[PDB]
Structures are given as structure tokens and as C-alpha cells.
$ cat data_23.cif   # mmCIF, C-alpha atoms (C1' of nucleotides); chains and numbers go by the auth columns
data_protein
#
loop_
_atom_site.group_PDB
_atom_site.id
_atom_site.type_symbol
_atom_site.label_atom_id
_atom_site.label_comp_id
_atom_site.label_asym_id
_atom_site.label_seq_id
_atom_site.Cartn_x
_atom_site.Cartn_y
_atom_site.Cartn_z
_atom_site.B_iso_or_equiv
_atom_site.auth_seq_id
_atom_site.auth_asym_id
ATOM 1 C CA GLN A 1 -33.990 -9.106 -74.098 0.00 16 T
ATOM 2 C CA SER A 2 -34.162 -6.492 -76.849 0.00 17 T
ATOM 3 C CA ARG A 3 -32.107 -7.202 -79.964 0.00 18 T
ATOM 4 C CA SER A 4 -30.375 -3.810 -79.690 0.00 19 T
ATOM 5 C CA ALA A 5 -28.128 -5.073 -76.880 0.00 20 T
ATOM 6 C CA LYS A 6 -26.468 -7.717 -79.061 0.00 21 T
ATOM 7 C CA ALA A 7 -26.075 -5.124 -81.847 0.00 22 T
ATOM 8 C CA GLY A 8 -24.469 -2.499 -79.597 0.00 23 T
ATOM 9 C CA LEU A 9 -27.635 -0.414 -79.131 0.00 24 T
ATOM 10 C CA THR A 10 -30.313 -0.033 -76.448 0.00 25 T
ATOM 11 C CA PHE A 11 -33.599 0.453 -78.394 0.00 26 T
ATOM 12 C CA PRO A 12 -36.610 -1.747 -78.321 0.00 27 T
ATOM 13 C CA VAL A 13 -36.318 -1.935 -82.105 0.00 28 T
ATOM 14 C CA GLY A 14 -39.964 -2.935 -82.445 0.00 29 T
ATOM 15 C CA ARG A 15 -40.891 0.562 -81.261 0.00 30 T
ATOM 16 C CA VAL A 16 -39.126 2.209 -84.210 0.00 31 T
ATOM 17 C CA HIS A 17 -40.436 -0.549 -86.481 0.00 32 T
ATOM 18 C CA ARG A 18 -43.989 0.315 -85.408 0.00 33 T
ATOM 19 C CA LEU A 19 -43.283 4.031 -85.883 0.00 34 T
ATOM 20 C CA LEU A 20 -42.211 3.349 -89.471 0.00 35 T
ATOM 21 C CA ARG A 21 -45.073 0.876 -89.967 0.00 36 T
ATOM 22 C CA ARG A 22 -47.740 3.371 -88.859 0.00 37 T
ATOM 23 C CA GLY A 23 -45.937 6.217 -90.649 0.00 38 T
ATOM 24 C CA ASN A 24 -47.481 5.324 -94.030 0.00 39 T
ATOM 25 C CA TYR A 25 -44.075 4.730 -95.632 0.00 40 T
ATOM 26 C CA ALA A 26 -44.230 1.310 -97.314 0.00 41 T
ATOM 27 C CA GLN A 27 -46.057 -2.001 -97.075 0.00 42 T
ATOM 28 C CA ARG A 28 -42.809 -3.908 -96.412 0.00 43 T
ATOM 29 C CA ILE A 29 -40.240 -2.412 -94.028 0.00 44 T
ATOM 30 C CA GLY A 30 -36.706 -3.791 -94.026 0.00 45 T
ATOM 31 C CA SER A 31 -35.728 -5.266 -90.666 0.00 46 T
ATOM 32 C CA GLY A 32 -32.244 -3.733 -90.810 0.00 47 T
ATOM 33 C CA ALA A 33 -33.492 -0.211 -91.523 0.00 48 T
ATOM 34 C CA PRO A 34 -34.597 0.485 -87.905 0.00 49 T
ATOM 35 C CA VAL A 35 -31.295 -0.957 -86.649 0.00 50 T
ATOM 36 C CA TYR A 36 -29.351 1.364 -88.950 0.00 51 T
ATOM 37 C CA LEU A 37 -31.547 4.217 -87.736 0.00 52 T
ATOM 38 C CA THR A 38 -30.662 3.338 -84.133 0.00 53 T
ATOM 39 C CA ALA A 39 -26.969 3.364 -85.055 0.00 54 T
ATOM 40 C CA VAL A 40 -27.466 6.753 -86.734 0.00 55 T
ATOM 41 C CA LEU A 41 -29.030 8.037 -83.520 0.00 56 T
ATOM 42 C CA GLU A 42 -26.147 6.643 -81.471 0.00 57 T
ATOM 43 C CA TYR A 43 -23.353 8.237 -83.486 0.00 58 T
ATOM 44 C CA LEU A 44 -25.024 11.488 -84.601 0.00 59 T
ATOM 45 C CA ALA A 45 -26.193 12.094 -81.030 0.00 60 T
ATOM 46 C CA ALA A 46 -22.663 11.240 -79.878 0.00 61 T
ATOM 47 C CA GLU A 47 -21.102 13.934 -82.052 0.00 62 T
ATOM 48 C CA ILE A 48 -23.838 16.496 -81.320 0.00 63 T
ATOM 49 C CA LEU A 49 -23.597 15.809 -77.572 0.00 64 T
ATOM 50 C CA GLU A 50 -19.831 16.205 -77.759 0.00 65 T
ATOM 51 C CA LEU A 51 -20.405 19.524 -79.546 0.00 66 T
ATOM 52 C CA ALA A 52 -22.749 20.512 -76.711 0.00 67 T
ATOM 53 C CA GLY A 53 -20.081 19.579 -74.174 0.00 68 T
ATOM 54 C CA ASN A 54 -17.513 21.422 -76.307 0.00 69 T
ATOM 55 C CA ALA A 55 -19.482 24.645 -76.029 0.00 70 T
ATOM 56 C CA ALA A 56 -20.246 23.913 -72.356 0.00 71 T
ATOM 57 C CA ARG A 57 -16.540 23.686 -71.505 0.00 72 T
ATOM 58 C CA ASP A 58 -16.255 26.873 -73.554 0.00 73 T
ATOM 59 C CA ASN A 59 -17.925 28.441 -70.479 0.00 74 T
ATOM 60 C CA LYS A 60 -16.928 25.975 -67.704 0.00 75 T
ATOM 61 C CA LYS A 61 -20.557 24.991 -67.058 0.00 76 T
ATOM 62 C CA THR A 62 -21.395 21.389 -66.181 0.00 77 T
ATOM 63 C CA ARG A 63 -24.997 22.014 -67.272 0.00 78 T
ATOM 64 C "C1'" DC B 1 -36.356 63.412 -75.473 0.00 1 X
ATOM 65 C "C1'" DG B 2 -32.235 66.777 -76.483 0.00 2 X
ATOM 66 C "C1'" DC B 3 -27.915 68.731 -78.325 0.00 3 X
ATOM 67 C "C1'" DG B 4 -22.464 68.857 -80.054 0.00 4 X
ATOM 68 C "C1'" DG B 5 -20.388 67.372 -83.603 0.00 5 X
ATOM 69 C "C1'" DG B 6 -17.585 64.659 -86.278 0.00 6 X
ATOM 70 C "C1'" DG B 7 -16.784 60.632 -88.938 0.00 7 X
ATOM 71 C "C1'" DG B 8 -19.254 59.164 -92.617 0.00 8 X
ATOM 72 C "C1'" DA B 9 -22.977 59.376 -96.732 0.00 9 X
ATOM 73 C "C1'" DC B 10 -23.230 61.605 -101.119 0.00 10 X
ATOM 74 C "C1'" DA B 11 -21.919 64.205 -104.999 0.00 11 X
ATOM 75 C "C1'" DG B 12 -18.631 66.995 -109.312 0.00 12 X
ATOM 76 C "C1'" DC B 13 -15.261 66.461 -112.250 0.00 13 X
ATOM 77 C "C1'" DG B 14 -10.721 64.549 -114.546 0.00 14 X
ATOM 78 C "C1'" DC B 15 -8.309 59.764 -115.946 0.00 15 X
ATOM 79 C "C1'" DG B 16 -8.070 56.906 -118.923 0.00 16 X
ATOM 80 C "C1'" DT B 17 -8.684 52.571 -120.155 0.00 17 X
ATOM 81 C "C1'" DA B 18 -11.676 48.770 -120.571 0.00 18 X
ATOM 82 C "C1'" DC B 19 -14.868 47.064 -122.547 0.00 19 X
ATOM 83 C "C1'" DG B 20 -17.610 47.578 -127.031 0.00 20 X
ATOM 84 C "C1'" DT B 21 -18.246 47.703 -131.668 0.00 21 X
ATOM 85 C "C1'" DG B 22 -16.642 47.086 -136.683 0.00 22 X
ATOM 86 C "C1'" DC B 23 -12.749 44.884 -140.239 0.00 23 X
ATOM 87 C "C1'" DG B 24 -10.863 39.494 -141.989 0.00 24 X
ATOM 88 C "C1'" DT B 25 -10.577 34.023 -141.076 0.00 25 X
ATOM 89 C "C1'" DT B 26 -10.769 30.301 -138.806 0.00 26 X
ATOM 90 C "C1'" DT B 27 -12.153 24.967 -135.380 0.00 27 X
ATOM 91 C "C1'" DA B 28 -14.991 22.320 -134.588 0.00 28 X
ATOM 92 C "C1'" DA B 29 -20.094 21.082 -134.474 0.00 29 X
ATOM 93 C "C1'" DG B 30 -24.732 19.575 -137.414 0.00 30 X
ATOM 94 C "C1'" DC B 31 -26.360 16.830 -140.457 0.00 31 X
ATOM 95 C "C1'" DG B 32 -26.799 12.292 -143.693 0.00 32 X
ATOM 96 C "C1'" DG B 33 -25.586 7.439 -142.983 0.00 33 X
ATOM 97 C "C1'" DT B 34 -24.398 2.836 -140.737 0.00 34 X
ATOM 98 C "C1'" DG B 35 -23.459 -1.300 -138.680 0.00 35 X
ATOM 99 C "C1'" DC B 36 -23.462 -3.430 -135.518 0.00 36 X
ATOM 100 C "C1'" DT B 37 -23.912 -4.822 -130.553 0.00 37 X
ATOM 101 C "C1'" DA B 38 -24.406 -3.561 -125.704 0.00 38 X
ATOM 102 C "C1'" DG B 39 -27.362 -2.027 -122.013 0.00 39 X
ATOM 103 C "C1'" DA B 40 -32.523 -1.879 -120.151 0.00 40 X
ATOM 104 C "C1'" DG B 41 -36.252 -4.909 -119.236 0.00 41 X
ATOM 105 C "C1'" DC B 42 -40.651 -8.278 -118.017 0.00 42 X
ATOM 106 C "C1'" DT B 43 -41.821 -13.221 -117.811 0.00 43 X
ATOM 107 C "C1'" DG B 44 -41.688 -18.928 -115.292 0.00 44 X
ATOM 108 C "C1'" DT B 45 -39.878 -19.078 -110.717 0.00 45 X
ATOM 109 C "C1'" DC B 46 -39.383 -20.157 -105.854 0.00 46 X
ATOM 110 C "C1'" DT B 47 -37.691 -19.164 -101.826 0.00 47 X
ATOM 111 C "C1'" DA B 48 -36.408 -16.641 -98.220 0.00 48 X
ATOM 112 C "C1'" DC B 49 -37.537 -13.346 -96.231 0.00 49 X
ATOM 113 C "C1'" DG B 50 -40.629 -9.809 -93.623 0.00 50 X
ATOM 114 C "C1'" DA B 51 -45.075 -9.405 -90.071 0.00 51 X
ATOM 115 C "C1'" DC B 52 -47.681 -10.698 -85.438 0.00 52 X
ATOM 116 C "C1'" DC B 53 -49.222 -12.498 -81.524 0.00 53 X
ATOM 117 C "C1'" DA B 54 -48.279 -16.459 -76.786 0.00 54 X
ATOM 118 C "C1'" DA B 55 -44.314 -16.490 -72.304 0.00 55 X
ATOM 119 C "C1'" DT B 56 -41.346 -13.747 -70.522 0.00 56 X
ATOM 120 C "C1'" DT B 57 -38.784 -9.675 -69.655 0.00 57 X
ATOM 121 C "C1'" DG B 58 -35.951 -5.825 -68.881 0.00 58 X
ATOM 122 C "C1'" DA B 59 -35.680 -1.527 -69.192 0.00 59 X
ATOM 123 C "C1'" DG B 60 -36.545 2.718 -69.311 0.00 60 X
ATOM 124 C "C1'" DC B 61 -39.392 5.343 -67.287 0.00 61 X
ATOM 125 C "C1'" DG B 62 -42.948 7.935 -63.261 0.00 62 X
ATOM 126 C "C1'" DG B 63 -41.456 10.724 -58.895 0.00 63 X
ATOM 127 C "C1'" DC B 64 -38.252 13.007 -55.211 0.00 64 X
ATOM 128 C "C1'" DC B 65 -34.338 15.324 -53.319 0.00 65 X
ATOM 129 C "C1'" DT B 66 -28.480 16.356 -52.594 0.00 66 X
ATOM 130 C "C1'" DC B 67 -25.541 18.881 -53.705 0.00 67 X
ATOM 131 C "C1'" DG B 68 -21.543 20.151 -56.690 0.00 68 X
ATOM 132 C "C1'" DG B 69 -22.109 23.609 -59.466 0.00 69 X
ATOM 133 C "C1'" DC B 70 -24.710 28.816 -61.275 0.00 70 X
ATOM 134 C "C1'" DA B 71 -24.458 34.596 -60.590 0.00 71 X
ATOM 135 C "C1'" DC B 72 -21.741 38.069 -59.752 0.00 72 X
ATOM 136 C "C1'" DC B 73 -19.367 41.453 -56.992 0.00 73 X
ATOM 137 C "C1'" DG B 74 -15.302 42.434 -52.516 0.00 74 X
ATOM 138 C "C1'" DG B 75 -10.706 42.861 -55.455 0.00 75 X
ATOM 139 C "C1'" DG B 76 -8.353 44.578 -58.779 0.00 76 X
ATOM 140 C "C1'" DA B 77 -3.186 46.197 -63.258 0.00 77 X
ATOM 141 C "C1'" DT B 78 -4.044 45.990 -67.444 0.00 78 X
ATOM 142 C "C1'" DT B 79 -6.412 46.491 -71.443 0.00 79 X
ATOM 143 C "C1'" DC B 80 -8.913 49.959 -74.443 0.00 80 X
ATOM 144 C "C1'" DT B 81 -8.946 54.038 -75.717 0.00 81 X
ATOM 145 C "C1'" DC B 82 -8.684 59.421 -75.486 0.00 82 X
ATOM 146 C "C1'" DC B 83 -6.319 63.769 -75.110 0.00 83 X
ATOM 147 C "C1'" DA B 84 -2.453 67.573 -74.047 0.00 84 X
ATOM 148 C "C1'" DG B 85 3.087 69.153 -75.043 0.00 85 X
ATOM 149 C "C1'" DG B 86 7.809 68.283 -78.166 0.00 86 X
ATOM 150 C "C1'" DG B 87 10.623 67.752 -82.148 0.00 87 X
ATOM 151 C "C1'" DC B 88 9.720 67.871 -86.175 0.00 88 X
ATOM 152 C "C1'" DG B 89 7.792 66.702 -92.585 0.00 89 X
ATOM 153 C "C1'" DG B 90 10.696 70.607 -92.629 0.00 90 X
ATOM 154 C "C1'" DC B 91 8.181 74.770 -95.987 0.00 91 X
ATOM 155 C "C1'" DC B 92 8.794 78.682 -97.229 0.00 92 X
ATOM 156 C "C1'" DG B 93 9.900 83.576 -97.993 0.00 93 X
ATOM 157 C "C1'" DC B 94 12.867 87.641 -98.294 0.00 94 X
ATOM 158 C "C1'" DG B 95 16.303 90.050 -98.715 0.00 95 X
ATOM 159 C "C1'" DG B 96 22.587 92.587 -98.819 0.00 96 X
ATOM 160 C "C1'" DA B 97 26.290 91.888 -102.442 0.00 97 X
#

$ encode --input "data_23.cif" --output "C-alpha cells"
Amino acid sequence: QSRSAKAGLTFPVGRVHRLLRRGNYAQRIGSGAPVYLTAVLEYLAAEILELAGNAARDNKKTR
DNA sequence: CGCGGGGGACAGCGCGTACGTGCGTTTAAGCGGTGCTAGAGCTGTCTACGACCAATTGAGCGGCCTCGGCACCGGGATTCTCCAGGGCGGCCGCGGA
């Protein structure tokens, strides 16, 4: 079971950890940084998706 | 591509005042000094704290297909605006005694 589920997320956090690791950022990557990134995705995508739905109900379109 | 035209771009000149420049006299900074002490900082350190692959694993995806929604006119007073008479801002002028 991925560690995102116990933290309130869904990610396989190792995927983002690999992305940062192969991204030529730093030799040591903090373990909590990908988790905070996943939380940032969750909430920023929440507010942006609610903006998208806001403008969708502005035209009564379900898509 | 073409034309009517009319609201809008562009200019000429007066207003006048709004900065602009020349008079004195400041309020507060620059510099010399200082005596400290208060923050910035690497060295023994040592530990905890991150990385990666075995057993599993779940989890989101790869692919289709239903169906409650997309697109907009039948269906249409009102909105949005445009244009012709009426009473009027009155304005104004001119003349008997």
C-alpha cells in the first residue's frame, strides 16, 4: 500500500521522488518534500477544478 | 469593393495659473572617534536520517460504449435603439403715445 493513503493522498510517492531524483536537483532529497508536493497538487487542483466548475455552471454545461 | 455622412481626430487662440527661477535661513546628515559587545561562523562530533532493492501489491491505467447532456431554432415581449410631431428655453424685435 502506497504511503499517500495514510497521509490523505493517492500518489505512489516514489514516482515523484524519482522524478525529483532524476531531475538533477540535489544529491539528497527530503522525504517530506514529495509529500508536500502531493498535498499542493491536491489543494491547488481542488481550487482550480472548482474554478473550472464555477465557469462551467456559468454556462450550465456539465462538460 | 463602394458610397453617405456624421461623430470624432486635429488644430488656433485666449486663460491664467502653475510650475519655475531668483532672494534669505534653516534641520538634520557627514565626518572624527569609541567602547564595547552582539551576531556570523567553522571545527570534534555522532547520529539519525535519506537511498535501494527482495515479497507483495494495489492502483491507476489500457480499451469500449450509454447516455444524460451539447446546438440551436419553432416561439417569442421586451430590450436596444432610432426617428417624426408638440410645447416649449422662451428670444427677440419693433413700434403708437

$ atom_distance --input "data_23.cif" --atom1 "CA of residue 75 in chain T" --atom2 "CA of residue 59 in chain T"
23.7 Å

$ resolve_selection --input "data_23.cif" --expression "the PyMOL selection byres ((chain X) within 7 of (chain T))" --output "JSON, numbers by chain"
{"X": [50, 57, 58]}

$ atom_distance --input "data_23.cif" --atom1 "CA of residue 69 in chain T" --atom2 "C1' of residue 65 in chain X"
29.1 Å

$ axis_aligned_box --input "data_23.cif" --around "range 16-31 of chain X" --padding-each-side "4 Å" --output "JSON"
{"center_x": -17.2, "center_y": 36.9, "center_z": -130.5, "size_x": 26.3, "size_y": 48.1, "size_z": 31.1}

$ atom_distance --input "data_23.cif" --atom1 "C1' of residue 51 in chain X" --atom2 "CA of residue 23 in chain T"
24.1 Å

$ closest_residue --input "data_23.cif" --among "T:24, T:29, T:19, T:35" --to "residue 58 in chain T" --atoms "all atoms listed in the file"
T:24

$ decode --input "data_23.cif" --residues "range 71-91 of chain X" --atoms "N, CA and C atoms (P, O5', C5', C4', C3', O3' and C1' of nucleotides)" --output "compact mmCIF listing (two decimals), in the first residue's frame"
# COMPACT_ATOMS: atom_id res chain seq x y z
P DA X 71 -22.05 23.11 -27.68
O5' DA X 71 -22.37 22.74 -29.20
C5' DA X 71 -23.69 22.37 -29.59
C4' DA X 71 -24.18 23.24 -30.73
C3' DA X 71 -24.61 24.64 -30.34
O3' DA X 71 -24.52 25.50 -31.46
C1' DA X 71 -26.52 23.21 -30.68
P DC X 72 -24.86 27.07 -31.31
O5' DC X 72 -26.38 27.18 -31.81
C5' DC X 72 -26.71 26.82 -33.15
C4' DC X 72 -28.21 26.75 -33.35
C3' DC X 72 -29.00 27.94 -32.80
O3' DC X 72 -30.10 28.23 -33.66
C1' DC X 72 -29.84 25.98 -31.87
P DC X 73 -29.94 29.28 -34.87
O5' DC X 73 -31.02 28.79 -35.95
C5' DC X 73 -32.35 29.33 -35.94
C4' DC X 73 -33.39 28.23 -35.88
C3' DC X 73 -34.83 28.70 -35.65
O3' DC X 73 -35.77 27.84 -36.31
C1' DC X 73 -34.18 27.31 -33.89
P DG X 74 -37.11 28.45 -36.97
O5' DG X 74 -38.31 27.58 -36.34
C5' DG X 74 -39.65 27.74 -36.86
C4' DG X 74 -40.68 26.96 -36.04
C3' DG X 74 -41.63 27.82 -35.21
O3' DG X 74 -42.81 27.07 -34.90
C1' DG X 74 -40.27 26.63 -33.77
P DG X 75 -43.97 27.72 -33.98
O5' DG X 75 -43.33 27.79 -32.51
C5' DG X 75 -44.11 28.23 -31.40
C4' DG X 75 -43.59 29.55 -30.84
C3' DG X 75 -43.51 30.69 -31.84
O3' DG X 75 -44.72 31.46 -31.77
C1' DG X 75 -41.63 30.65 -30.30
P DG X 76 -44.81 32.93 -32.42
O5' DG X 76 -44.25 33.88 -31.26
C5' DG X 76 -44.66 33.67 -29.92
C4' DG X 76 -43.74 34.38 -28.96
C3' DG X 76 -43.60 35.88 -29.22
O3' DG X 76 -43.88 36.59 -28.03
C1' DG X 76 -41.47 34.86 -28.97
P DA X 77 -44.86 37.86 -28.05
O5' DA X 77 -44.49 38.62 -26.70
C5' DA X 77 -45.24 39.74 -26.27
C4' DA X 77 -44.68 40.27 -24.97
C3' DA X 77 -44.62 41.78 -24.87
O3' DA X 77 -44.43 42.15 -23.50
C1' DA X 77 -42.49 40.87 -25.48
P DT X 78 -43.95 43.64 -23.11
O5' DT X 78 -42.36 43.54 -23.10
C5' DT X 78 -41.71 42.56 -22.28
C4' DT X 78 -40.20 42.69 -22.36
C3' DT X 78 -39.66 44.11 -22.31
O3' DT X 78 -38.41 44.12 -21.65
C1' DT X 78 -39.03 43.13 -24.35
P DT X 79 -37.91 45.44 -20.88
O5' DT X 79 -36.40 45.61 -21.37
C5' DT X 79 -35.51 44.51 -21.31
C4' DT X 79 -34.53 44.55 -22.47
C3' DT X 79 -33.87 45.91 -22.71
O3' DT X 79 -32.47 45.75 -22.94
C1' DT X 79 -34.82 45.12 -24.70
P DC X 80 -31.46 46.96 -22.67
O5' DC X 80 -30.32 46.77 -23.78
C5' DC X 80 -30.66 46.21 -25.05
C4' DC X 80 -30.46 47.23 -26.17
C3' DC X 80 -30.51 48.69 -25.71
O3' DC X 80 -29.26 49.34 -25.97
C1' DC X 80 -31.92 48.33 -27.63
P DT X 81 -29.12 50.94 -25.79
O5' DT X 81 -29.54 51.52 -27.22
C5' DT X 81 -29.03 50.92 -28.40
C4' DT X 81 -29.84 51.34 -29.61
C3' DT X 81 -29.92 52.85 -29.84
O3' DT X 81 -29.24 53.20 -31.04
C1' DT X 81 -32.05 51.78 -30.14
P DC X 82 -29.18 54.73 -31.52
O5' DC X 82 -30.41 54.87 -32.53
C5' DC X 82 -30.50 54.01 -33.66
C4' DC X 82 -31.59 54.47 -34.61
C3' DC X 82 -31.66 55.97 -34.84
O3' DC X 82 -31.99 56.24 -36.20
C1' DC X 82 -33.71 55.22 -33.95
P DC X 83 -31.76 57.71 -36.81
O5' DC X 83 -33.25 58.25 -37.05
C5' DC X 83 -34.14 57.53 -37.88
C4' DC X 83 -35.56 58.06 -37.74
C3' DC X 83 -35.68 59.59 -37.73
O3' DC X 83 -36.82 60.00 -38.49
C1' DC X 83 -36.70 58.72 -35.82
P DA X 84 -36.94 61.50 -39.04
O5' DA X 84 -38.46 61.91 -38.75
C5' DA X 84 -39.51 61.44 -39.61
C4' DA X 84 -40.88 61.62 -38.96
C3' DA X 84 -41.32 63.07 -38.75
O3' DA X 84 -42.74 63.16 -38.85
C1' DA X 84 -41.06 62.01 -36.65
P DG X 85 -43.45 64.59 -38.99
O5' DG X 85 -44.34 64.72 -37.66
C5' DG X 85 -45.06 65.92 -37.39
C4' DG X 85 -45.89 65.77 -36.13
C3' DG X 85 -46.21 67.08 -35.42
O3' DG X 85 -47.32 66.88 -34.54
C1' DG X 85 -44.66 65.88 -34.15
P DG X 86 -48.20 68.12 -34.03
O5' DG X 86 -48.42 67.83 -32.47
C5' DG X 86 -47.31 67.57 -31.63
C4' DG X 86 -47.57 68.04 -30.21
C3' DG X 86 -47.97 69.49 -30.08
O3' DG X 86 -48.47 69.71 -28.76
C1' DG X 86 -45.66 69.22 -29.60
P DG X 87 -48.98 71.16 -28.29
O5' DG X 87 -47.89 71.62 -27.22
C5' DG X 87 -47.72 70.87 -26.02
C4' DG X 87 -46.63 71.46 -25.13
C3' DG X 87 -46.78 72.94 -24.80
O3' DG X 87 -46.30 73.17 -23.47
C1' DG X 87 -44.83 72.59 -26.14
P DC X 88 -46.01 74.66 -22.94
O5' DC X 88 -44.44 74.85 -23.19
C5' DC X 88 -43.53 73.89 -22.67
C4' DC X 88 -42.15 74.07 -23.26
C3' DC X 88 -41.52 75.45 -23.05
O3' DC X 88 -40.14 75.30 -22.76
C1' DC X 88 -41.53 74.94 -25.33
P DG X 89 -39.52 75.88 -21.40
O5' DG X 89 -37.96 75.53 -21.51
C5' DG X 89 -37.05 75.99 -20.53
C4' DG X 89 -36.01 76.91 -21.15
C3' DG X 89 -36.45 78.35 -21.30
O3' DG X 89 -36.21 79.10 -20.10
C1' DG X 89 -35.60 77.60 -23.36
P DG X 90 -37.45 79.58 -19.17
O5' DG X 90 -37.93 80.98 -19.81
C5' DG X 90 -38.90 81.01 -20.87
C4' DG X 90 -38.21 81.06 -22.22
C3' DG X 90 -37.60 82.42 -22.61
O3' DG X 90 -36.19 82.28 -22.70
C1' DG X 90 -38.56 81.30 -24.44
P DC X 91 -35.23 83.57 -22.77
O5' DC X 91 -34.34 83.32 -24.07
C5' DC X 91 -34.97 83.16 -25.34
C4' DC X 91 -34.17 83.87 -26.42
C3' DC X 91 -33.84 85.31 -26.11
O3' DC X 91 -32.70 85.70 -26.86
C1' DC X 91 -35.58 85.19 -27.75
